[PDB]
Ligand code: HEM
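First comes one chain, alone, set out as structure tokens in the form solved without this ligand.
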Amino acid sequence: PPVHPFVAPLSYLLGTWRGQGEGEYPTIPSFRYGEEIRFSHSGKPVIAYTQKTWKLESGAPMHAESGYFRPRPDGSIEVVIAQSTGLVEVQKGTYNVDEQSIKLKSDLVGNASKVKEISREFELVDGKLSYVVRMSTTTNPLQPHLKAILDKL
């Protein structure tokens, strides 16, 4: 099916991406991971998102998540994500065409023991997909948690 007019401004996402990232937070020791993401569509004003991570040396599976990106022509966007760990997120924010960036903050984080808010920011940088994920808890204010850079396959 053809790309929906609401999806067209984000068409640069469509395809499969692979790279690596790093995680850290006050309570845990820092770690590295591999990551793969696929963005796809079926002609609706929605982009399907699927993701997995693994251990670098062995390729041993770690986590996975999936969901849907819903952009609108005013530059607003909502994103819904379910994670393999048992969490859900409702993310809202904006995308910027000239910068090829997407900036999101959580309206809701569901079924979490400690996590309060999550922010997710994407940017296309020299054709590579970069992101930063920040997270808060009741006692730790919103701060860096994950960052990764992926090449388009």
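When you see a residue number, it is the position in the sequence shown, counting from 1.
- Of the two stretches examined, 106-114 and 43-51, the record assigns the greater average C-alpha temperature factor to 106-114.
- Mean CA B-factor, 55-63 versus 82-90: the higher value falls on 55-63.
- In the deposited entry, the Cα temperature factor of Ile37 places it in the lowest third of its chain's modelled residues.
- Ranked by Cα temperature factor within the chain, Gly19 sits in the lowest third according to the deposited record.
- Annotation for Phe69: C-alpha temperature factor in the lowest third relative to the rest of the modelled chain, per the entry.
- Placement of the Cα temperature factor of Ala8 within the chain: middle third of the modelled residues, per the deposited record.
- When all modelled residues of the chain are sorted by CA temperature factor, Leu129 is found within the lowest third.
Here the subject shifts to the form solved in complex with this ligand, a form of this protein not shown in this document.
- Ligand-free form, site status open: this ligand, modelled in by superimposing site C-alphas onto its pose in the deposited bound form, keeps every atom beyond 2.4 Å of backbone and C-beta atoms.
- The single contact residue among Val115, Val90, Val46, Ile37, judged by any heavy atom lying within 4.5 Å of this ligand in the deposited bound form, is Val115.
- Heavy atoms within 4.5 Å of this ligand in the deposited bound form map, among the stretches 121-129, 66-74, 99-107, 46-54, onto 46-54 alone.
- Proximity of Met135 to this ligand in the deposited bound form falls within the 4.5 Å heavy atom cutoff.
- When this ligand is considered in the deposited bound form, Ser58 lies well away from it, no heavy atom lying within 4.5 Å.
- Residue contact with this ligand in the deposited bound form: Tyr33 places a heavy atom within 4.5 Å of it.
- Not displayed here, this ligand is kept clear of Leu150 by more than 4.5 Å at the level of heavy atoms in the deposited bound form.
- Using a 4.5 angstroms heavy atom cutoff to this ligand in the deposited bound form, all of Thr27, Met62 and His145 count as contacting.
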